[PDB]
């Protein structure tokens, strides 16, 4: 399928909740917070009212990249758009289509791979909140964008993937030929290089070349730093077949210390040749 035109006013409830071991997460339903937080998907033109509630005992905020928001949804203590413990606030995110300005220039649309995160826990830049897990992905689609069979979010948060213990993935499953979308976000203190065995994408907005006139580099390794986000769609096993296809940071001490996961690509019969964990 493909993304339609946007322009709908959407509403969602979001909660900030404490998780085990001093972690913190966002969720759309009480008791269902996750790290990373829930995936938010919009079409260019949609407005999103996030009916936010802070269930925790310390102030929290919601700050987003890329989308249109007024200063009252900045989500910063500096602009008093944070949320006291037990408090509620409606954060409003807007998005727009590309189009030609009055001055004749081309205004870019909001479409892209974006993210939201806390901006007040621990420090007035959310350093503690981000460490604890207060981050999630946002995808804004342009009319006509191809929709994937599945979407997986990989966050390099310092020297962890999605705040998980070292050497515990996460792993993602697909069948050869699935259209798999990856959302890749970085957070914290470190630079990383994201690498996928057996797969490759275009270094552009969608991760696929628009066609024979697109000059973007085709890569399988990409340097990223704190708050970078990008994404792409790949065809699982395309040209390479089934297997346990590693993805990892390629900084050698990072992969050695467990910033590694598996893209488990199954044959139609469900099997993965050579996988023996």
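Residue numbers count along the first chain shown, from 1.
Averaged over CA atoms, B-factors in the entry run higher in 63-71 than in the other of 217-225 and 63-71. For the pair 31-39 and 240-248, the record assigns the higher mean C-alpha temperature factor to 31-39. If you compare the C-alpha temperature factors of 83, 176, 196, 180 in the entry, 83 comes out highest.
Of the candidates 188, 137, 144, 128, it is 144 whose Cα B-factor is highest according to the PDB record.
The entry lists a Cα temperature factor for residue 58 that places it in the highest third of the chain's modelled residues. Residue 154 sits in the lowest third of its chain by CA B factor, as recorded in the PDB entry. Ranked within its chain, residue 123 lands in the middle third, by CA B factor from the PDB record.
Ranked by C-alpha B-factor against the other modelled residues of its chain, residue 26 falls in the middle third. Per-chain ranking of the deposited C-alpha B factor places residue 50 in the highest third.
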